[PDB]
Amino acid sequence: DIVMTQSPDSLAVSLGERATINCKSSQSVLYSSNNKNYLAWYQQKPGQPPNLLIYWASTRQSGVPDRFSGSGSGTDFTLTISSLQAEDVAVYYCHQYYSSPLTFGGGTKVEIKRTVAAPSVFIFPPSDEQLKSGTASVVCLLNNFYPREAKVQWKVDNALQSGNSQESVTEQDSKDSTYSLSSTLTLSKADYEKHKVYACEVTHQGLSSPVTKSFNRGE
Amino acid sequence: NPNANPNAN
Amino acid sequence: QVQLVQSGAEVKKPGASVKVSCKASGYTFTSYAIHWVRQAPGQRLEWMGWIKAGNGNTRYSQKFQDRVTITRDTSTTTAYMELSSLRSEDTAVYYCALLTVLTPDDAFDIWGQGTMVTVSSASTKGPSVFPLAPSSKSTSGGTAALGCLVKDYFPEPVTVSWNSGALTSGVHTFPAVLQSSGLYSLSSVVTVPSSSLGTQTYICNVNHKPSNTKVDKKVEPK
């Protein structure tokens, strides 16, 4: 088969800078009868199908912005984004449609380098609907921050918690290049009702000291 | 020659 | 509008079979070939085969040892792909697509939304939906955060929209987490003006096709 290999596996550049992705094929993709390179580039954002950018190695499909261009011949090709925009966050794949089976590259994760942005912290107490089922989920939201690294600790009546929360961080945002994170603290209704103060303490590079959002179990 | 993808002419 | 619509996510037990559909519309069905490509979690796109919609000829990838079967129904302008003897490695998102339709006059490339298939002995379970209501404790700088908590479901995915797709800006549907129970959970949040909470309506639309579960939850202040 025709193995496709991309370099680098991931890259990070600032907004407005140039980004380039290399793709090599284990054998030539140039067809001698029509002198065309059976190579394409695809863009894939999380949860979406791929989106064709370049075909015939260098031709850009009608709806693609001009800042995307492709070059190469035979066994070596390069995708160029002349001015990286926030919405260009994606994994980029090269693809050969020369010999069966059709094959794709390993993908190249493209990320934006951004200025520091402190998170906006929100806290949601359990819904009365959920409490009727006997469980209490307390959600702490860290919204639109950068860099991705952040630290969140739970405190119930000012006692540091351990072993009852789970975290999830989003992909990089396609508009402001930030990240968001949720920390969900889960207790039983009975255990939840034995304490007053539920606090979410947040540490991030954009903050000079930890920020705490809290509430008293009585609304 | 190309086995390829019938959709690529 | 060339368009490809696939069937919904499913859970299958090891050794069983799965059949995914691909409804095509907006073009002459029989003049192009429909491919099937899968993408295992954290993996590259992998081509499985294609079928010419007209004469129904097929070409498969040898790497599947001929447990793939691509068929096509012209009257229903729909293509199908059946994968038998499912193993743990077959858990993936299965796409149908018209890859690189290239002509001198016009060129295009269309994909289905994908169909997530999970190979597991565990049984399906629909999610519970709870509101993450806006309040003083979730206001900052005149902004208010609200959302929906989608708890205890299997397998993935659950899709979340707001106002039937009319609200997308500032939305964050977090990657699901695996709870100690083996069931998944996620939250979908959005930030809106605090001043318009009394005049605007925010409804999260939760869909879990494996269990045929559709839930709309109006998120109201306090």
Side-chain angles (χ1 to χ4, degrees), chain A residues 4 38-56 59-65 68 79 87-97 101-108 171 174, chain B residues 4-8, chain C residues 2-10 18-29 31-53 58-59 61 68 70 72 77-81 83 92-103 106-117 157 159 165 209:
Chain A
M4 310 296 286
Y38 287 63
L39 187 145
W41 289 93
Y42 285 89
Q43 172 193 74
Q44 178 172 42
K45 301 199 174 64
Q48 292 188 304
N51 182 21
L52 179 62
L53 298 171
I54 310 297
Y55 59 97
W56 296 137
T59 302
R60 171 171 34 78
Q61 98 91 226
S62 59
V64 168
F68 288 90
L79 180 71
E87 61 271 15
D88 295 334
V89 174
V91 177
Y92 292 87
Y93 297 96
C94 60
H95 169 245
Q96 71 85 11
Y97 47 100
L102 318 181
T103 50
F104 295 76
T108 297
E171 67 277 22
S174 288
Chain B
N5 171 347
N7 301 338
Chain C
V2 175
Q3 188 168 2
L4 297 172
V5 183
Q6 302 180 213
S7 46
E10 297 182 19
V18 63
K19 188 156 180 169
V20 185
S21 66
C22 178
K23 173 67 178 199
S25 60
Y27 73 96
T28 307
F29 181 66
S31 38
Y32 302 132
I34 298 178
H35 302 248
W36 285 93
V37 178
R38 72 176 188 181
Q39 182 168 43
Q43 214 69 355
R44 79 178 69 188
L45 300 166
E46 185 178 15
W47 177 83
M48 303 179 64
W50 50 251
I51 179 170
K52 301 188 185 182
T58 60
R59 208 58 44 178
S61 164
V68 191
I70 299 169
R72 154 249 50 188
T77 179
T78 302
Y80 306 89
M81 181 286 302
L83 179 62
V93 179
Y94 290 79
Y95 293 102
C96 67
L98 302 148
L99 272 45
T100 48
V101 184
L102 310 183
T103 66
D106 186 75
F108 63 93
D109 178 295
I110 300 296
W111 294 61
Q113 78 279 21
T115 297
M116 187 174 293
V117 177
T159 63
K209 293 189 177 296

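In what follows, chains are A, B, ... by sequence order, proteins preceding strands, each numbered from 1.
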Chemist: Name all residues meeting the salt bridge (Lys or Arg N to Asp or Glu O under 4.0 Å) criterion together with A:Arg60; count only those two or more places apart in sequence or in a different chain, and write none if there are none.
Modeler: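 A:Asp66.
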Chemist: Quick one: do the A:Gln96 and A:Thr103 side chains pair a donor with an acceptor below 3.5 Å?
Modeler: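 Present: a donor and an acceptor within the cut-off.
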Chemist: Would a distance-only check, ignoring hydrogens and angles, find a side-chain to backbone donor-acceptor pair under 3.5 Å from C:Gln113 to C:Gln6?
Modeler: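 Indeed, once roles are kept as given, a pair shorter than 3.5 Å links the two residues.
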Chemist: What do the steps show when you test C:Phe108 against C:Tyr27 for ring pair (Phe, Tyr, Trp, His ring centres under 6.0 Å), and what is the final call?
Modeler: CA-CA 12 Å; C:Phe108 63 93; C:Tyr27 73 96; 7.4 Å; no
Chemist: At their closest point, which heavy atom of C:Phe29 faces which heavy atom of C:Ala79, and how far apart are they?
Modeler: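 C:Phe29 and C:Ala79 have their closest heavy atoms at CZ-N, 4.4 Å.
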Chemist: Can you name the one residue among C:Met48, C:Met81, C:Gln43 that meets side chain to side chain contact (heavy atoms under 4.5 Å, CB included) with C:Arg38?
Modeler: C:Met48
Chemist: Quick one: are C:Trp36 and C:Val20 in side-chain contact, heavy atoms under 4.5 Å?
Modeler: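 Yes, close enough: below the 4.5 Å cut-off.
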Chemist: Check whether any side-chain heavy atom of A:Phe68 lies under 4.5 Å from a side-chain heavy atom of A:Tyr92, and answer yes or no.
Modeler: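 A:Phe68 reaches A:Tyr92 side chain to side chain.
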Chemist: Kindly compute the distance separating CG (A:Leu52) from OH (A:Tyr93), expressed to the nearest 0.5 Å.
Modeler: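 Between A:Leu52 CG and A:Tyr93 OH, I get 15.0 Å after rounding to 0.5 Å.
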Chemist: Tell me whether the rings of A:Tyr38 and A:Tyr97 are parallel (<30°), tilted (30 to 60°) or perpendicular (>60°).
Modeler: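 Answer is tilted, since the angle falls between 30° and 60°.
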Chemist: Does the A:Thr59 side chain pair with the main chain of A:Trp56, one donor and one acceptor, at a distance under 3.5 Å?
Modeler: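 A pair under 3.5 Å: no.
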Chemist: Output all residues satisfying salt bridge (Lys or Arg N to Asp or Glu O under 4.0 Å) with A:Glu171, sequence neighbours left out; order by chain, then residue number.
Modeler: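 Testing A:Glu171 for salt bridge (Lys or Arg N to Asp or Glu O under 4.0 Å), a comparison that skips the adjacent residues, returns none.
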Chemist: Do you see a donor-acceptor pair shorter than 3.5 Å between the side chains of A:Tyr42 and C:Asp109?
Modeler: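 A:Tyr42 vs C:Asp109: donor-acceptor pair found between side chains.
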Chemist: Do C:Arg72 and C:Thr58 come close enough that some side-chain heavy atom pair is under 4.5 Å?
Modeler: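 No, every pair of side-chain atoms sits at 4.5 Å or beyond.
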Chemist: Report yes or no: does B:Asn7 contribute a side-chain atom to a donor-acceptor pair with the main-chain N or O of C:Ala33 at less than 3.5 Å?
Modeler: yes
Chemist: Please name the pair of heavy atoms, one in C:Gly8 and one in C:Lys209, separated by the smallest distance, quoted to 0.1 Å.
Modeler: CA-CD, 3.4 Å
Chemist: Do C:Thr77 and C:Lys23 have side-chain heavy atoms sitting under 4.5 Å apart?
Modeler: yes
Chemist: For the pair C:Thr115 (side chain) and C:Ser7 (backbone), establish whether a donor and an acceptor sit closer than 3.5 Å, ignoring hydrogens and angles.
Modeler: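 Yes, because the side chain of C:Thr115 sits within donor-acceptor range (under 3.5 Å) of the backbone of C:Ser7.
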Chemist: What's the spacing between C:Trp47 CH2 and B:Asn5 CG if we round to 0.5 Å?
Modeler: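 One finds 9.0 Å between CH2 of C:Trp47 and CG of B:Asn5.
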